[PDB]
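Notes for the one structure printed next.
Protein chains: 2
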Amino acid sequence: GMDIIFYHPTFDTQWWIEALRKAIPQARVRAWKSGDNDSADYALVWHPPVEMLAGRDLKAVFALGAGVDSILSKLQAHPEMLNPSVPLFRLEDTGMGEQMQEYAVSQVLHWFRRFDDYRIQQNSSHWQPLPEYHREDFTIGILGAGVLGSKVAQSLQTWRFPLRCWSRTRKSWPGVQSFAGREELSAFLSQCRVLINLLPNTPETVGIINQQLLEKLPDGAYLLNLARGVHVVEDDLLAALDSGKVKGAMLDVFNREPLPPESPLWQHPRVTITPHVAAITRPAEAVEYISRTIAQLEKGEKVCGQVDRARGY
Amino acid sequence: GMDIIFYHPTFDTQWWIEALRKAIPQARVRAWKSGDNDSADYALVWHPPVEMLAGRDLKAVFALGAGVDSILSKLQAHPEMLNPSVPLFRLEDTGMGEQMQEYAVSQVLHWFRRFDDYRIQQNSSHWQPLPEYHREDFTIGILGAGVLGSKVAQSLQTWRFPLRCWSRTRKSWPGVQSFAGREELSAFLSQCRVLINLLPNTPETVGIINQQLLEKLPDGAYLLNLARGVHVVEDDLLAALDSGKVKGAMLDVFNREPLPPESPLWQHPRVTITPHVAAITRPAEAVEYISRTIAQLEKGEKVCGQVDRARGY
Ligand SMILES: NC(=O)c1ccc[n+]([C@@H]2O[C@H](COP(=O)([O-])OP(=O)(O)OC[C@H]3O[C@@H](n4cnc5c(N)ncnc54)[C@H](OP(=O)(O)O)[C@@H]3O)[C@@H](O)[C@H]2O)c1
Ligand SMILES: NC(=O)c1ccc[n+]([C@@H]2O[C@H](COP(=O)([O-])OP(=O)(O)OC[C@H]3O[C@@H](n4cnc5c(N)ncnc54)[C@H](OP(=O)(O)O)[C@@H]3O)[C@@H](O)[C@H]2O)c1
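Heads up: the sequence lines are chains A and A', in that order. A prime marks a further copy of an entry chain. No gaps in the numbering here: position 256 of the first sequence is 255 in the entry's author numbering, and each next residue is one more. No gaps in the numbering here: position 229 of the second sequence is 228 in the entry's author numbering, and each next residue is one more.
This is how it looks when you write it as structure tokens:
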């Protein structure tokens, strides 16, 4: 027997309540409303009101996304919101791995096969075969080598691209050269024909894709920003696009979302925009992950997807 | 010891001569010019003049492409051109398998992830997440189930799309439903959300993608024409694009190449054009295939890539 409280600003709350009840048939599940200070064992949340969590000795909180910068930022502003005893979990993969693979493989191949150049030629009804690019000139760098970065690297290794990754700690993936820490970032960047961002938003990574980073990339590089908008200094990117340093950028996330209509990114010729849909939260998969994790916690088994609040992700 | 004659209208003849000499060091290799009636054992050709082959009792002819409709059409007009004793080979895969996989996977995923819809929205600086498509609604049909069709099917099976193929004779690929012959074509087409053309050009397949074929596809279908332009009745395709039957078409080949500037395909909003570059002939790989095949022929080993002139491919 357990009590679960659920809160999400826009999802179908009734659907989630019914799905959780079936997946955890001993659970009593309820939508949280202001004033509800009754007991709860677990909370499933996205942009929770401070009142929902403050003072609660919960057994766990599950954030309904892969990224937790929104909740950690709220906690820094409202230290009373989550007691230090409460473990915080995020959604680990739950179908977002495959979605990131779909997006990255499609667009890496799109650029590798010069579909952007052919489109420009098509606009003028101009027929012209172009030289083939070669894999040896198309090293792919993955900024962030975690749950999603590993999946993307694996799918691209299938296509025989040279690969490198960047993280805080060394990785062991065969055939993927691992770079670690800020002291190795310039060497990492030097060969990245395509730079794929899959970092979390933390104080240590804000603004990392800036003028100084972009200048270290090879000429005619491509940027795929799949992580958070705050990683990219948008005016520095525009300057690199305008100079020809960056040949193309595909961006799924932005400093402000929805991306305001005055942003020059919308109409810039070498930019492709998607509205934070690279890997969406699928409710059924989230319910399965959460129910399995609660069961593991009850059995004293090791759990993977716990957030380290001191580290920030 | 052997004599090889080489002819190609545009490739780097001197490079090919030197590469063949190194790959087959007992071979005497020469570029063919009008008037050369000296002896030859093997001919490597693309759009050969009739005079180059007429009357020659060659041990084999190698056509420097995957498709042989150009040479077979010439032979039908000039029956003296190739003696019936001369076996005809084409390029089998030689890197074109992987190239077709790159093209098909990139674009299938592009459509599956609604990048064409997001681009339309981007053109108006409009932010709007769209519903996910689901694999169960995205059956991919491969028209032609040969060397290249099998490779494309295999790469797409990796992504868990439902798959079906169409050919003259039954296939055994696990997880790919095999349809065979014109009597089964309407059933094949009924579920194809994406139709990928990898047929050869033969009298039996000319014009197959016409009004009657397109009307049997599901609504909002996609066409990827990677094979020959003569397979598609361009005015029927335009009508299906204009009515909304076909949501998008990506075309690498056309009835006339270069595609004339008056064609409505160039500027049509849901059409993407590439200039017959889906899988190009790579010289080094072609030289390796040809030298290996000649060695197998000398040893009396079984050879795969022989054209059946009676069948037409
Ligand atoms: N639709 C979307 O666009 C979408 C959907 C899902 C997720 N996301 C984003 O993707 C992010 C990644 O998700 P994930 O599940 O892969 O996270 P994860 O498994 O926590 O991976 C994070 C990775 O980033 C690295 N990292 C963190 N701080 C770093 C630093 N200061 N220097 C170098 N590397 C650093 C970590 O290094 P270690 O391996 O050394 O710890 C780790 O490899 C989320 O945080 C979210 O923002 C976006
Ligand atoms: N850059 C380009 O755009 C590019 C590059 C390379 C090749 N191509 C094109 O791709 C074509 C395919 O190459 P490939 O190497 O895969 O050829 P292949 O191995 O000969 O495959 C041909 C396939 O088409 C099927 N087929 C032939 N006639 C048919 C009919 N009347 N009804 C039903 N199915 C029929 C065959 O059936 P069976 O299996 O029953 O014999 C076979 O599966 C070439 O002929 C060329 O035109 C284009």
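Ideal Cβ placement from N, Cα and C applies to all residues, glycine included.
Assigned secondary structure, residue i (DSSP; H/G/I helix, E/B strand, else coil)
i	result
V232(A)	coil
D40(A)	coil
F10(A)	coil
residue 314(A)	One cannot answer for residue 314(A) here, as it falls past the ends of chain A, which runs 0 to 312.
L258(A)	coil
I279(A)	coil
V49(A)	helix
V286(A')	helix
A62(A)	strand
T271(A)	strand
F114(A')	helix
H125(A')	coil
residue 374(A)	With chain A covering 0 to 312 only, the question about residue 374(A) has no answer from this structure.
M80(A')	coil
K32(A')	coil
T93(A')	coil
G54(A')	coil
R20(A)	helix
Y102(A)	helix
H109(A')	helix
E135(A')	helix
Under 9 angstroms by beta carbon: chain A' residues contacting residue i
i	result
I208(A)	Those within 9 angstroms of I208(A) in chain A' number zero; the least Cβ separation is about 21 angstroms.
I279(A)	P128, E131
Interface partners of residue i on chain A', CB under 7 angstroms
i	result
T138(A)	In chain order: nothing, as chain A' lies at least about 17 angstroms away.
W126(A)	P257, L258, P274
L108(A)	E101, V104, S105
Chain A contact residues for residue i, given Cβ-Cβ distances below 7 angstroms
i	result
residue 388(A')	Residue 388(A') lies beyond the residue range present for chain A', which begins at 0 and ends at 312; the question has no answer from this structure.
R112(A')	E101, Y102, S105
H133(A')	Under the 7 angstroms cutoff, chain A gives no residues; its nearest Cβ is about 11 angstroms from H133(A').
Cross-strand partners of residue i (DSSP beta bridge)
i	result
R27(A)	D2(A)
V245(A)	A220(A)
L74(A)	Answer is none; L74(A) lacks a bridge partner.
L142(A')	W165(A'), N196(A')
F88(A)	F61(A), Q305(A)
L250(A)	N224(A), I272(A)
Proximal residues of chain A, C-beta to C-beta of residue i below 9 angstroms
i	result
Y117(A')	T271, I272, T273, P274, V276
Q266(A')	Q121, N122, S124
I195(A')	Within chain A, no residue comes near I195(A'); the closest Cβ sits about 15 angstroms away, beyond 9 angstroms.
Under 8 angstroms by beta carbon: chain A' residues contacting residue i
i	result
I23(A)	The premise fails here: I23(A) is roughly 25 angstroms from chain A' at the closest Cβ pair, so nothing lies under 8 angstroms.
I3(A)	Those within 8 angstroms of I3(A) in chain A' number zero; the least Cβ separation is about 26 angstroms.
Could you tell me whether the stretch 285-303 of chain A touches the stretch 142-151 of chain A', where touching means 3 or more Cβ pairs closer than 8 angstroms?
Segments in contact, no.
Evaluate the contact criterion for the stretch 85-104 of chain A' versus the stretch 108-121 of chain A: three or more CB pairs, one atom per stretch, below 8 angstroms.
Cβ pair count under 8 angstroms is three or more, so yes.
Determine contact between the stretch 272-285 of chain A' and the stretch 293-302 of chain A', defined as no fewer than three beta-carbon pairs at a distance below 8 angstroms.
no
Within 8 angstroms, do at least three Cβ pairs link the stretch 68-75 of chain A to the stretch 195-209 of chain A'?
no
The stretch 120-127 of chain A' touching the stretch 171-179 of chain A, judged by at least three CB pairs closer than 8 angstroms:
no
Enumerated in chain order, which unbroken segments of the alpha helix (DSSP H) with a length of 4 residues or greater are wholly contained in the stretch 153-228 of chain A'?
184-189, 210-213
Cβ contact check for the stretch 232-246 of chain A' and the stretch 90-100 of chain A: 3 or more pairs under 8 angstroms:
no
Is it true that the stretch 20-31 of chain A' meets the stretch 54-64 of chain A', where meeting means three or more beta-carbon pairs spaced less than 8 angstroms apart?
no
Per the contact definition of three or more C-beta pairs closer than 8 angstroms, is the stretch 159-174 of chain A' in contact with the stretch 209-228 of chain A'?
No, because fewer than three Cβ pairs between the stretch 209-228 of chain A' and the stretch 159-174 of chain A' fall closer than 8 angstroms, the two stretches do not touch.
Evaluate the contact criterion for the stretch 217-233 of chain A versus the stretch 179-195 of chain A: three or more CB pairs, one atom per stretch, below 8 angstroms.
yes
Under 8 angstroms, with one C-beta from each stretch per pair, do the stretch 2-9 of chain A' and the stretch 39-51 of chain A' reach the 3-pair mark?
yes
Are at least three pairs of beta-carbons, each pair with one atom in the stretch 250-257 of chain A' and one in the stretch 15-24 of chain A', less than 8 angstroms apart?
no
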